[PDB]
Amino acid sequence: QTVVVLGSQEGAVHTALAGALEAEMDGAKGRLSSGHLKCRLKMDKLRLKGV
Amino acid sequence: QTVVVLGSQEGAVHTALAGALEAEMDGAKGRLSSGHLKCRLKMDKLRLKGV
Amino acid sequence: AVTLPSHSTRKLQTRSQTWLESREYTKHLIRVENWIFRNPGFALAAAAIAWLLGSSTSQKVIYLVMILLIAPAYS
Amino acid sequence: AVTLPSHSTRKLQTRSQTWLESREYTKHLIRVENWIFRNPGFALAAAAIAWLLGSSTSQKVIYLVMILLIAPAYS
């Protein structure tokens with residue numbers, strides 16, 4: 001009996017990654033693209049500057 | 001728009017290879033394991049050497 | 001090393017475009033069509049099978065889908 | 001880059017042991033079982049579906065197999 005290693009599965013985890021969303025500059029500061037949220041917005045004080 | 005490469009799918013073709021039979025020393029001389037055949041065998045001339 | 005979980009079974013129904021949908025929402029069709037183009041007579045195999053189940057002339061095609069859709073992937 | 005052709009669909013029925021059968025003749029079972037363990041309520045989904053087709057109390061389980069066996073892979 002011998003052993004084989006099956007190399008690297010980098011592209012394999014890629015094709016298995018078919019639902020993730022990619023993300024960028026990561027540093028200690030990891031940025032990512034779209035994601036929504038709920039924002040209560042109030043026009044408490046907006047003067048129109050020149051009526 | 002950008003592009004990704006999806007790396008290497010070496011292990012992917014491995015897991016897709018779930019029915020093949022492996023084969024060895026290949027050179028210009030490729031050896032492989034089991035495979036059957038049909039052999040008509042004749043006892044035309046076999047002397048028993050020492051009856 | 002079966003990389004089992006095709007993540008599409010855990011889709012994120014979110015506005016930005018997902019990882020590889022471009023080829024994904026055709027890959028299973030090309031799967032089944034390639035497989036049957038390679039194993040044609042399995043067509044009438046499935047036919048004789050299904051025509052013997054259901055006995056409805058309407059569930060018959062349903063069992064045709066059954067057979068022609070177990071054959072490609074799980075094989 | 002769907003490495004489509006799982007070669008087991010082109011098995012060589014030859015005496016020496018094939019490439020990765022050891023895990024292969026369990027991989028689809030672990031596939032379906034993992035998938036259903038992750039998506040349980042799909043059980044009774046398939047149940048209500050199949051119980052509405054066939055109308056035989058014997059083809060019912062057949063359509064149960066239908067649904068529970070399209071769901072894992074082609075998804």
# chains A, B, ... in the order shown; residues from 1 in each chain; ligands from 1
call {"tool": "interface_residues", "arguments": {"of": "chain C", "to": "chain A", "cutoff": "6 Å", "atoms": "only C-alpha atoms", "output": "list in words"}}
result
residues 6, 7, 11, 18, 19 and 20 of chain C
call {"tool": "calpha_fit_and_write", "arguments": {"fixed": "chain C", "moving": "chain D", "output": "PDB file with N, CA and C atoms, in the first residue's frame"}}
result
ATOM      1  N   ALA D   1     -12.632  12.541  -2.272  1.00  0.00           N
ATOM      2  CA  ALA D   1     -12.806  13.954  -1.961  1.00  0.00           C
ATOM      3  C   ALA D   1     -13.934  14.556  -2.769  1.00  0.00           C
ATOM      4  N   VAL D   2     -15.135  14.032  -2.560  1.00  0.00           N
ATOM      5  CA  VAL D   2     -16.329  14.602  -3.162  1.00  0.00           C
ATOM      6  C   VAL D   2     -16.624  15.948  -2.519  1.00  0.00           C
ATOM      7  N   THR D   3     -16.411  17.039  -3.252  1.00  0.00           N
ATOM      8  CA  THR D   3     -16.763  18.362  -2.740  1.00  0.00           C
ATOM      9  C   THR D   3     -18.282  18.535  -2.785  1.00  0.00           C
ATOM     10  N   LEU D   4     -18.943  17.777  -1.924  1.00  0.00           N
ATOM     11  CA  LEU D   4     -20.373  17.516  -1.997  1.00  0.00           C
ATOM     12  C   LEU D   4     -21.222  18.768  -2.173  1.00  0.00           C
ATOM     13  N   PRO D   5     -21.147  19.725  -1.271  1.00  0.00           N
ATOM     14  CA  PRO D   5     -22.227  20.703  -1.177  1.00  0.00           C
ATOM     15  C   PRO D   5     -22.215  21.742  -2.279  1.00  0.00           C
ATOM     16  N   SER D   6     -22.893  21.472  -3.387  1.00  0.00           N
ATOM     17  CA  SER D   6     -23.131  22.528  -4.356  1.00  0.00           C
ATOM     18  C   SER D   6     -23.981  23.613  -3.709  1.00  0.00           C
ATOM     19  N   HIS D   7     -23.341  24.739  -3.391  1.00  0.00           N
ATOM     20  CA  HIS D   7     -23.913  25.754  -2.515  1.00  0.00           C
ATOM     21  C   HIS D   7     -25.214  26.342  -3.022  1.00  0.00           C
ATOM     22  N   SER D   8     -25.509  26.197  -4.314  1.00  0.00           N
ATOM     23  CA  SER D   8     -26.783  26.664  -4.836  1.00  0.00           C
ATOM     24  C   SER D   8     -27.948  26.142  -4.007  1.00  0.00           C
ATOM     25  N   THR D   9     -27.776  24.990  -3.354  1.00  0.00           N
ATOM     26  CA  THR D   9     -28.794  24.490  -2.437  1.00  0.00           C
ATOM     27  C   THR D   9     -28.901  25.357  -1.194  1.00  0.00           C
ATOM     28  N   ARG D  10     -28.079  26.393  -1.099  1.00  0.00           N
ATOM     29  CA  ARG D  10     -28.150  27.362  -0.017  1.00  0.00           C
ATOM     30  C   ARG D  10     -28.019  28.763  -0.574  1.00  0.00           C
ATOM     31  N   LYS D  11     -28.785  29.018  -1.628  1.00  0.00           N
ATOM     32  CA  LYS D  11     -28.763  30.294  -2.319  1.00  0.00           C
ATOM     33  C   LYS D  11     -29.023  31.435  -1.350  1.00  0.00           C
ATOM     34  N   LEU D  12     -28.440  32.584  -1.649  1.00  0.00           N
ATOM     35  CA  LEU D  12     -28.812  33.826  -0.995  1.00  0.00           C
ATOM     36  C   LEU D  12     -29.637  34.656  -1.965  1.00  0.00           C
ATOM     37  N   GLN D  13     -30.930  34.781  -1.678  1.00  0.00           N
ATOM     38  CA  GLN D  13     -31.839  35.497  -2.563  1.00  0.00           C
ATOM     39  C   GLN D  13     -31.658  37.006  -2.445  1.00  0.00           C
ATOM     40  N   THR D  14     -30.438  37.484  -2.670  1.00  0.00           N
ATOM     41  CA  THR D  14     -30.086  38.863  -2.403  1.00  0.00           C
ATOM     42  C   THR D  14     -29.704  39.581  -3.697  1.00  0.00           C
ATOM     43  N   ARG D  15     -29.981  40.888  -3.725  1.00  0.00           N
ATOM     44  CA  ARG D  15     -29.997  41.674  -4.955  1.00  0.00           C
ATOM     45  C   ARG D  15     -28.711  41.591  -5.762  1.00  0.00           C
ATOM     46  N   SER D  16     -27.547  41.522  -5.135  1.00  0.00           N
ATOM     47  CA  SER D  16     -26.341  41.480  -5.942  1.00  0.00           C
ATOM     48  C   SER D  16     -26.184  40.099  -6.555  1.00  0.00           C
ATOM     49  N   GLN D  17     -25.567  40.068  -7.726  1.00  0.00           N
ATOM     50  CA  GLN D  17     -25.451  38.824  -8.462  1.00  0.00           C
ATOM     51  C   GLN D  17     -24.526  37.848  -7.741  1.00  0.00           C
ATOM     52  N   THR D  18     -24.962  36.588  -7.673  1.00  0.00           N
ATOM     53  CA  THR D  18     -24.305  35.561  -6.867  1.00  0.00           C
ATOM     54  C   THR D  18     -23.044  35.069  -7.560  1.00  0.00           C
ATOM     55  N   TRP D  19     -22.460  33.955  -7.120  1.00  0.00           N
ATOM     56  CA  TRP D  19     -21.092  33.662  -7.539  1.00  0.00           C
ATOM     57  C   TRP D  19     -21.007  33.335  -9.027  1.00  0.00           C
ATOM     58  N   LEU D  20     -21.628  32.237  -9.466  1.00  0.00           N
ATOM     59  CA  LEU D  20     -21.430  31.792 -10.844  1.00  0.00           C
ATOM     60  C   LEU D  20     -22.741  31.483 -11.550  1.00  0.00           C
ATOM     61  N   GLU D  21     -23.807  32.209 -11.215  1.00  0.00           N
ATOM     62  CA  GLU D  21     -25.131  31.902 -11.750  1.00  0.00           C
ATOM     63  C   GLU D  21     -25.120  31.811 -13.269  1.00  0.00           C
ATOM     64  N   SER D  22     -24.247  32.595 -13.916  1.00  0.00           N
ATOM     65  CA  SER D  22     -24.252  32.716 -15.368  1.00  0.00           C
ATOM     66  C   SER D  22     -24.275  31.355 -16.037  1.00  0.00           C
ATOM     67  N   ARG D  23     -23.351  30.481 -15.665  1.00  0.00           N
ATOM     68  CA  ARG D  23     -23.371  29.121 -16.163  1.00  0.00           C
ATOM     69  C   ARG D  23     -24.233  28.200 -15.317  1.00  0.00           C
ATOM     70  N   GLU D  24     -24.554  28.586 -14.084  1.00  0.00           N
ATOM     71  CA  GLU D  24     -25.290  27.677 -13.222  1.00  0.00           C
ATOM     72  C   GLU D  24     -26.708  27.455 -13.704  1.00  0.00           C
ATOM     73  N   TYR D  25     -27.424  28.507 -14.086  1.00  0.00           N
ATOM     74  CA  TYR D  25     -28.812  28.272 -14.469  1.00  0.00           C
ATOM     75  C   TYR D  25     -28.932  27.684 -15.866  1.00  0.00           C
ATOM     76  N   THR D  26     -27.864  27.034 -16.336  1.00  0.00           N
ATOM     77  CA  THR D  26     -27.891  26.155 -17.492  1.00  0.00           C
ATOM     78  C   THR D  26     -27.118  24.860 -17.275  1.00  0.00           C
ATOM     79  N   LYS D  27     -26.356  24.743 -16.185  1.00  0.00           N
ATOM     80  CA  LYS D  27     -25.410  23.640 -16.059  1.00  0.00           C
ATOM     81  C   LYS D  27     -26.120  22.306 -15.891  1.00  0.00           C
ATOM     82  N   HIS D  28     -27.214  22.270 -15.140  1.00  0.00           N
ATOM     83  CA  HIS D  28     -27.913  21.003 -14.968  1.00  0.00           C
ATOM     84  C   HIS D  28     -28.592  20.566 -16.257  1.00  0.00           C
ATOM     85  N   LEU D  29     -29.105  21.522 -17.033  1.00  0.00           N
ATOM     86  CA  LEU D  29     -29.653  21.174 -18.336  1.00  0.00           C
ATOM     87  C   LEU D  29     -28.579  20.599 -19.240  1.00  0.00           C
ATOM     88  N   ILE D  30     -27.417  21.254 -19.309  1.00  0.00           N
ATOM     89  CA  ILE D  30     -26.366  20.681 -20.137  1.00  0.00           C
ATOM     90  C   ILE D  30     -25.910  19.341 -19.579  1.00  0.00           C
ATOM     91  N   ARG D  31     -25.971  19.165 -18.258  1.00  0.00           N
ATOM     92  CA  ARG D  31     -25.712  17.876 -17.630  1.00  0.00           C
ATOM     93  C   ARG D  31     -26.593  16.787 -18.204  1.00  0.00           C
ATOM     94  N   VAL D  32     -27.901  16.940 -18.034  1.00  0.00           N
ATOM     95  CA  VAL D  32     -28.825  15.895 -18.443  1.00  0.00           C
ATOM     96  C   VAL D  32     -28.749  15.680 -19.944  1.00  0.00           C
ATOM     97  N   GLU D  33     -28.602  16.759 -20.717  1.00  0.00           N
ATOM     98  CA  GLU D  33     -28.606  16.614 -22.168  1.00  0.00           C
ATOM     99  C   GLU D  33     -27.343  15.922 -22.658  1.00  0.00           C
ATOM    100  N   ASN D  34     -26.194  16.280 -22.095  1.00  0.00           N
ATOM    101  CA  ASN D  34     -24.967  15.565 -22.390  1.00  0.00           C
ATOM    102  C   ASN D  34     -25.079  14.097 -22.022  1.00  0.00           C
ATOM    103  N   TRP D  35     -25.571  13.808 -20.818  1.00  0.00           N
ATOM    104  CA  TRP D  35     -25.649  12.422 -20.372  1.00  0.00           C
ATOM    105  C   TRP D  35     -26.541  11.596 -21.288  1.00  0.00           C
ATOM    106  N   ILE D  36     -27.690  12.140 -21.684  1.00  0.00           N
ATOM    107  CA  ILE D  36     -28.573  11.369 -22.547  1.00  0.00           C
ATOM    108  C   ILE D  36     -28.039  11.282 -23.968  1.00  0.00           C
ATOM    109  N   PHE D  37     -27.353  12.319 -24.448  1.00  0.00           N
ATOM    110  CA  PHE D  37     -26.705  12.248 -25.748  1.00  0.00           C
ATOM    111  C   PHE D  37     -25.634  11.172 -25.760  1.00  0.00           C
ATOM    112  N   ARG D  38     -25.068  10.865 -24.595  1.00  0.00           N
ATOM    113  CA  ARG D  38     -24.087   9.792 -24.522  1.00  0.00           C
ATOM    114  C   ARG D  38     -24.717   8.425 -24.308  1.00  0.00           C
ATOM    115  N   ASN D  39     -25.868   8.356 -23.651  1.00  0.00           N
ATOM    116  CA  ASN D  39     -26.532   7.085 -23.367  1.00  0.00           C
ATOM    117  C   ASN D  39     -27.935   7.108 -23.947  1.00  0.00           C
ATOM    118  N   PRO D  40     -28.059   7.075 -25.275  1.00  0.00           N
ATOM    119  CA  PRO D  40     -29.375   7.273 -25.895  1.00  0.00           C
ATOM    120  C   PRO D  40     -30.401   6.208 -25.558  1.00  0.00           C
ATOM    121  N   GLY D  41     -30.130   4.929 -25.843  1.00  0.00           N
ATOM    122  CA  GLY D  41     -31.122   3.881 -25.654  1.00  0.00           C
ATOM    123  C   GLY D  41     -31.763   3.879 -24.285  1.00  0.00           C
ATOM    124  N   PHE D  42     -31.096   4.481 -23.303  1.00  0.00           N
ATOM    125  CA  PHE D  42     -31.739   4.686 -22.022  1.00  0.00           C
ATOM    126  C   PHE D  42     -33.040   5.456 -22.160  1.00  0.00           C
ATOM    127  N   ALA D  43     -33.217   6.194 -23.257  1.00  0.00           N
ATOM    128  CA  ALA D  43     -34.498   6.843 -23.512  1.00  0.00           C
ATOM    129  C   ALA D  43     -35.626   5.823 -23.511  1.00  0.00           C
ATOM    130  N   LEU D  44     -35.601   4.891 -24.463  1.00  0.00           N
ATOM    131  CA  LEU D  44     -36.665   3.899 -24.531  1.00  0.00           C
ATOM    132  C   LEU D  44     -36.634   2.968 -23.332  1.00  0.00           C
ATOM    133  N   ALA D  45     -35.477   2.823 -22.685  1.00  0.00           N
ATOM    134  CA  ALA D  45     -35.477   2.138 -21.396  1.00  0.00           C
ATOM    135  C   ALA D  45     -36.435   2.808 -20.421  1.00  0.00           C
ATOM    136  N   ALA D  46     -36.181   4.080 -20.117  1.00  0.00           N
ATOM    137  CA  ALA D  46     -37.073   4.854 -19.271  1.00  0.00           C
ATOM    138  C   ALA D  46     -38.504   4.814 -19.777  1.00  0.00           C
ATOM    139  N   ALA D  47     -38.684   4.799 -21.094  1.00  0.00           N
ATOM    140  CA  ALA D  47     -40.031   4.770 -21.651  1.00  0.00           C
ATOM    141  C   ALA D  47     -40.765   3.505 -21.237  1.00  0.00           C
ATOM    142  N   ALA D  48     -40.177   2.343 -21.522  1.00  0.00           N
ATOM    143  CA  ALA D  48     -40.799   1.089 -21.126  1.00  0.00           C
ATOM    144  C   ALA D  48     -40.990   1.014 -19.620  1.00  0.00           C
ATOM    145  N   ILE D  49     -40.090   1.627 -18.850  1.00  0.00           N
ATOM    146  CA  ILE D  49     -40.262   1.621 -17.403  1.00  0.00           C
ATOM    147  C   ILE D  49     -41.502   2.414 -17.015  1.00  0.00           C
ATOM    148  N   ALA D  50     -41.521   3.701 -17.358  1.00  0.00           N
ATOM    149  CA  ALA D  50     -42.604   4.588 -16.958  1.00  0.00           C
ATOM    150  C   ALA D  50     -43.955   4.148 -17.501  1.00  0.00           C
ATOM    151  N   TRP D  51     -44.022   3.751 -18.772  1.00  0.00           N
ATOM    152  CA  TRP D  51     -45.275   3.285 -19.351  1.00  0.00           C
ATOM    153  C   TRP D  51     -45.863   2.118 -18.573  1.00  0.00           C
ATOM    154  N   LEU D  52     -45.088   1.518 -17.675  1.00  0.00           N
ATOM    155  CA  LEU D  52     -45.572   0.448 -16.824  1.00  0.00           C
ATOM    156  C   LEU D  52     -45.906   0.905 -15.412  1.00  0.00           C
ATOM    157  N   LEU D  53     -45.767   2.192 -15.109  1.00  0.00           N
ATOM    158  CA  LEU D  53     -46.124   2.730 -13.806  1.00  0.00           C
ATOM    159  C   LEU D  53     -47.115   3.871 -13.967  1.00  0.00           C
ATOM    160  N   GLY D  54     -47.907   4.109 -12.926  1.00  0.00           N
ATOM    161  CA  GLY D  54     -48.852   5.205 -12.952  1.00  0.00           C
ATOM    162  C   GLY D  54     -50.145   4.823 -13.635  1.00  0.00           C
ATOM    163  N   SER D  55     -50.040   4.269 -14.843  1.00  0.00           N
ATOM    164  CA  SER D  55     -51.208   3.798 -15.582  1.00  0.00           C
ATOM    165  C   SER D  55     -52.246   4.904 -15.727  1.00  0.00           C
ATOM    166  N   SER D  56     -51.781   6.091 -16.107  1.00  0.00           N
ATOM    167  CA  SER D  56     -52.649   7.251 -16.212  1.00  0.00           C
ATOM    168  C   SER D  56     -52.598   7.948 -17.562  1.00  0.00           C
ATOM    169  N   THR D  57     -51.576   7.698 -18.381  1.00  0.00           N
ATOM    170  CA  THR D  57     -51.247   8.464 -19.580  1.00  0.00           C
ATOM    171  C   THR D  57     -50.935   9.910 -19.237  1.00  0.00           C
ATOM    172  N   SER D  58     -50.934  10.263 -17.956  1.00  0.00           N
ATOM    173  CA  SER D  58     -50.512  11.567 -17.488  1.00  0.00           C
ATOM    174  C   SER D  58     -49.414  11.478 -16.443  1.00  0.00           C
ATOM    175  N   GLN D  59     -49.479  10.504 -15.537  1.00  0.00           N
ATOM    176  CA  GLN D  59     -48.354  10.216 -14.663  1.00  0.00           C
ATOM    177  C   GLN D  59     -47.246   9.480 -15.390  1.00  0.00           C
ATOM    178  N   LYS D  60     -47.537   8.946 -16.575  1.00  0.00           N
ATOM    179  CA  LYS D  60     -46.514   8.250 -17.344  1.00  0.00           C
ATOM    180  C   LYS D  60     -45.348   9.173 -17.659  1.00  0.00           C
ATOM    181  N   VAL D  61     -45.636  10.350 -18.207  1.00  0.00           N
ATOM    182  CA  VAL D  61     -44.565  11.299 -18.469  1.00  0.00           C
ATOM    183  C   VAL D  61     -43.902  11.722 -17.165  1.00  0.00           C
ATOM    184  N   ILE D  62     -44.643  11.696 -16.059  1.00  0.00           N
ATOM    185  CA  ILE D  62     -44.050  12.062 -14.780  1.00  0.00           C
ATOM    186  C   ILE D  62     -42.993  11.049 -14.375  1.00  0.00           C
ATOM    187  N   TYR D  63     -43.268   9.764 -14.576  1.00  0.00           N
ATOM    188  CA  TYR D  63     -42.249   8.771 -14.279  1.00  0.00           C
ATOM    189  C   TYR D  63     -41.140   8.785 -15.322  1.00  0.00           C
ATOM    190  N   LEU D  64     -41.441   9.254 -16.532  1.00  0.00           N
ATOM    191  CA  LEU D  64     -40.385   9.480 -17.511  1.00  0.00           C
ATOM    192  C   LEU D  64     -39.406  10.525 -17.003  1.00  0.00           C
ATOM    193  N   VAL D  65     -39.936  11.608 -16.442  1.00  0.00           N
ATOM    194  CA  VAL D  65     -39.091  12.620 -15.821  1.00  0.00           C
ATOM    195  C   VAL D  65     -38.328  12.024 -14.651  1.00  0.00           C
ATOM    196  N   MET D  66     -39.028  11.270 -13.798  1.00  0.00           N
ATOM    197  CA  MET D  66     -38.377  10.504 -12.739  1.00  0.00           C
ATOM    198  C   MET D  66     -37.110   9.816 -13.228  1.00  0.00           C
ATOM    199  N   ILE D  67     -37.244   8.950 -14.227  1.00  0.00           N
ATOM    200  CA  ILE D  67     -36.114   8.113 -14.608  1.00  0.00           C
ATOM    201  C   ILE D  67     -35.039   8.944 -15.291  1.00  0.00           C
ATOM    202  N   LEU D  68     -35.426   9.732 -16.293  1.00  0.00           N
ATOM    203  CA  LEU D  68     -34.461  10.559 -16.997  1.00  0.00           C
ATOM    204  C   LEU D  68     -33.822  11.611 -16.108  1.00  0.00           C
ATOM    205  N   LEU D  69     -34.317  11.793 -14.886  1.00  0.00           N
ATOM    206  CA  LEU D  69     -33.717  12.747 -13.976  1.00  0.00           C
ATOM    207  C   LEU D  69     -33.075  12.115 -12.759  1.00  0.00           C
ATOM    208  N   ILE D  70     -33.202  10.806 -12.563  1.00  0.00           N
ATOM    209  CA  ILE D  70     -32.286  10.164 -11.630  1.00  0.00           C
ATOM    210  C   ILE D  70     -31.019   9.766 -12.362  1.00  0.00           C
ATOM    211  N   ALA D  71     -31.165   9.340 -13.616  1.00  0.00           N
ATOM    212  CA  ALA D  71     -30.019   8.808 -14.342  1.00  0.00           C
ATOM    213  C   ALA D  71     -28.812   9.742 -14.393  1.00  0.00           C
ATOM    214  N   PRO D  72     -28.924  11.005 -14.794  1.00  0.00           N
ATOM    215  CA  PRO D  72     -27.712  11.799 -15.036  1.00  0.00           C
ATOM    216  C   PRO D  72     -26.812  11.969 -13.826  1.00  0.00           C
ATOM    217  N   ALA D  73     -27.324  12.593 -12.772  1.00  0.00           N
ATOM    218  CA  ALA D  73     -26.461  13.081 -11.703  1.00  0.00           C
ATOM    219  C   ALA D  73     -26.011  11.962 -10.772  1.00  0.00           C
ATOM    220  N   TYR D  74     -26.958  11.285 -10.123  1.00  0.00           N
ATOM    221  CA  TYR D  74     -26.632  10.300  -9.100  1.00  0.00           C
ATOM    222  C   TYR D  74     -25.856   9.116  -9.640  1.00  0.00           C
ATOM    223  N   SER D  75     -25.637   9.055 -10.945  1.00  0.00           N
ATOM    224  CA  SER D  75     -24.874   7.974 -11.521  1.00  0.00           C
ATOM    225  C   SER D  75     -23.387   8.165 -11.265  1.00  0.00           C
TER     226      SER D  75
END
call {"tool": "calpha_fit_and_write", "arguments": {"fixed": "chain B", "moving": "chain A", "output": "compact mmCIF listing (two decimals) with N, CA and C atoms, in the first residue's frame"}}
result
# COMPACT_ATOMS: atom_id res chain seq x y z
N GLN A 1 -17.13 45.23 -14.61
CA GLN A 1 -17.00 43.79 -14.65
C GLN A 1 -15.55 43.34 -14.56
N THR A 2 -15.31 42.32 -13.74
CA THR A 2 -14.01 41.69 -13.57
C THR A 2 -14.15 40.20 -13.85
N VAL A 3 -13.08 39.46 -13.59
CA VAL A 3 -13.01 38.05 -13.93
C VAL A 3 -12.29 37.29 -12.82
N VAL A 4 -12.73 36.07 -12.56
CA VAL A 4 -12.07 35.15 -11.65
C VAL A 4 -11.73 33.89 -12.43
N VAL A 5 -10.77 33.12 -11.92
CA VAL A 5 -10.21 32.03 -12.71
C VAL A 5 -10.77 30.68 -12.27
N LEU A 6 -11.26 30.60 -11.04
CA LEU A 6 -11.69 29.34 -10.42
C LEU A 6 -10.56 28.33 -10.28
N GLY A 7 -9.33 28.81 -10.14
CA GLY A 7 -8.19 27.98 -9.78
C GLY A 7 -8.05 26.68 -10.54
N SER A 8 -7.58 25.65 -9.84
CA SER A 8 -7.39 24.35 -10.46
C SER A 8 -8.45 23.38 -9.96
N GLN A 9 -8.98 22.56 -10.86
CA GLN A 9 -9.98 21.57 -10.51
C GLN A 9 -9.42 20.15 -10.57
N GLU A 10 -8.19 19.98 -10.09
CA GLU A 10 -7.55 18.67 -10.08
C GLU A 10 -8.34 17.67 -9.22
N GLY A 11 -8.56 18.01 -7.95
CA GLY A 11 -9.40 17.15 -7.13
C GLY A 11 -10.82 17.05 -7.65
N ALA A 12 -11.30 18.08 -8.34
CA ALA A 12 -12.63 18.01 -8.91
C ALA A 12 -12.71 16.94 -9.99
N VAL A 13 -11.71 16.87 -10.87
CA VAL A 13 -11.76 15.82 -11.86
C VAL A 13 -11.52 14.48 -11.20
N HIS A 14 -10.78 14.46 -10.09
CA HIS A 14 -10.70 13.22 -9.32
C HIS A 14 -12.07 12.74 -8.87
N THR A 15 -12.81 13.57 -8.15
CA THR A 15 -14.12 13.13 -7.69
C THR A 15 -15.08 12.88 -8.85
N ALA A 16 -14.83 13.48 -10.01
CA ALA A 16 -15.61 13.15 -11.19
C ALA A 16 -15.10 11.89 -11.88
N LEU A 17 -13.99 11.34 -11.42
CA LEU A 17 -13.37 10.19 -12.04
C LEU A 17 -13.81 8.88 -11.40
N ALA A 18 -15.02 8.84 -10.85
CA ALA A 18 -15.42 7.80 -9.91
C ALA A 18 -15.67 6.45 -10.56
N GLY A 19 -15.25 6.26 -11.81
CA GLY A 19 -15.46 4.97 -12.43
C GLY A 19 -14.28 4.42 -13.20
N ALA A 20 -13.22 5.21 -13.32
CA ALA A 20 -12.06 4.81 -14.10
C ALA A 20 -11.23 3.80 -13.33
N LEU A 21 -10.34 3.14 -14.05
CA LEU A 21 -9.36 2.24 -13.44
C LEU A 21 -7.97 2.79 -13.68
N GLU A 22 -7.24 2.98 -12.59
CA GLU A 22 -5.91 3.56 -12.63
C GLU A 22 -4.93 2.63 -13.34
N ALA A 23 -3.83 3.21 -13.79
CA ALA A 23 -2.85 2.55 -14.63
C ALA A 23 -1.49 3.16 -14.37
N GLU A 24 -0.45 2.36 -14.60
CA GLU A 24 0.90 2.66 -14.17
C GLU A 24 1.84 2.55 -15.35
N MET A 25 3.13 2.35 -15.04
CA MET A 25 4.29 2.70 -15.84
C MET A 25 3.93 2.74 -17.32
N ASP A 26 4.28 3.86 -17.94
CA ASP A 26 3.52 4.50 -19.02
C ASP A 26 4.47 4.80 -20.17
N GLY A 27 5.65 5.35 -19.84
CA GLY A 27 6.77 5.50 -20.75
C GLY A 27 6.35 5.74 -22.18
N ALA A 28 6.90 4.95 -23.09
CA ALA A 28 6.15 4.51 -24.25
C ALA A 28 5.51 3.16 -24.00
N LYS A 29 5.52 2.69 -22.75
CA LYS A 29 5.00 1.38 -22.41
C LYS A 29 4.04 1.60 -21.24
N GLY A 30 2.74 1.56 -21.51
CA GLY A 30 1.75 1.88 -20.49
C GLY A 30 1.13 0.63 -19.90
N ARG A 31 1.37 0.37 -18.61
CA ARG A 31 0.87 -0.86 -18.03
C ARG A 31 -0.42 -0.56 -17.30
N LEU A 32 -1.29 -1.56 -17.22
CA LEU A 32 -2.51 -1.43 -16.46
C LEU A 32 -2.85 -2.76 -15.81
N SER A 33 -3.68 -2.67 -14.78
CA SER A 33 -4.12 -3.78 -13.96
C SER A 33 -5.20 -4.53 -14.72
N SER A 34 -5.98 -5.28 -13.96
CA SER A 34 -6.85 -6.33 -14.47
C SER A 34 -7.60 -5.97 -15.75
N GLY A 35 -7.76 -7.00 -16.57
CA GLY A 35 -8.61 -7.05 -17.73
C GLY A 35 -8.61 -8.46 -18.27
N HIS A 36 -9.80 -9.00 -18.51
CA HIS A 36 -9.97 -10.42 -18.75
C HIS A 36 -9.77 -10.72 -20.23
N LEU A 37 -9.81 -12.00 -20.57
CA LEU A 37 -9.91 -12.38 -21.98
C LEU A 37 -10.28 -13.85 -22.14
N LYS A 38 -10.44 -14.26 -23.39
CA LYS A 38 -10.86 -15.61 -23.76
C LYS A 38 -9.70 -16.38 -24.37
N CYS A 39 -9.29 -17.47 -23.73
CA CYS A 39 -8.10 -18.19 -24.20
C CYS A 39 -8.41 -19.66 -24.42
N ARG A 40 -8.54 -20.04 -25.69
CA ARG A 40 -8.60 -21.45 -26.06
C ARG A 40 -7.27 -22.11 -25.72
N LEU A 41 -7.33 -23.07 -24.80
CA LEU A 41 -6.15 -23.78 -24.33
C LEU A 41 -6.26 -25.23 -24.75
N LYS A 42 -5.19 -25.73 -25.35
CA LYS A 42 -5.13 -27.09 -25.87
C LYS A 42 -3.98 -27.83 -25.20
N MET A 43 -4.31 -29.00 -24.63
CA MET A 43 -3.33 -30.02 -24.29
C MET A 43 -2.98 -30.87 -25.50
N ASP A 44 -2.37 -30.26 -26.51
CA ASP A 44 -1.92 -31.03 -27.67
C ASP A 44 -0.81 -31.98 -27.28
N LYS A 45 0.22 -31.47 -26.62
CA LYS A 45 1.43 -32.23 -26.35
C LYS A 45 1.99 -31.86 -24.99
N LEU A 46 1.64 -32.64 -23.97
CA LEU A 46 2.20 -32.47 -22.63
C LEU A 46 2.57 -33.83 -22.07
N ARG A 47 3.87 -34.13 -22.05
CA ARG A 47 4.33 -35.39 -21.49
C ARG A 47 4.64 -35.19 -20.01
N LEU A 48 4.31 -36.19 -19.21
CA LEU A 48 4.26 -35.99 -17.77
C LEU A 48 5.62 -36.15 -17.10
N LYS A 49 6.65 -36.53 -17.86
CA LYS A 49 8.02 -36.52 -17.37
C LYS A 49 8.20 -37.35 -16.10
N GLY A 50 8.06 -38.67 -16.22
CA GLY A 50 8.39 -39.51 -15.08
C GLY A 50 7.28 -40.41 -14.59
N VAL A 51 6.36 -40.77 -15.47
CA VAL A 51 5.38 -41.80 -15.13
C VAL A 51 6.09 -43.12 -14.82
call {"tool": "select_by_dssp", "arguments": {"residues": "chain D", "states": "alpha helix (DSSP H)", "output": "ChimeraX atom specification"}}
result
/D:21-38,42-50,59-74
call {"tool": "select_by_dssp", "arguments": {"residues": "chain B", "states": "strand (DSSP E)", "output": "ChimeraX atom specification"}}
result
/B:23-24,31-32
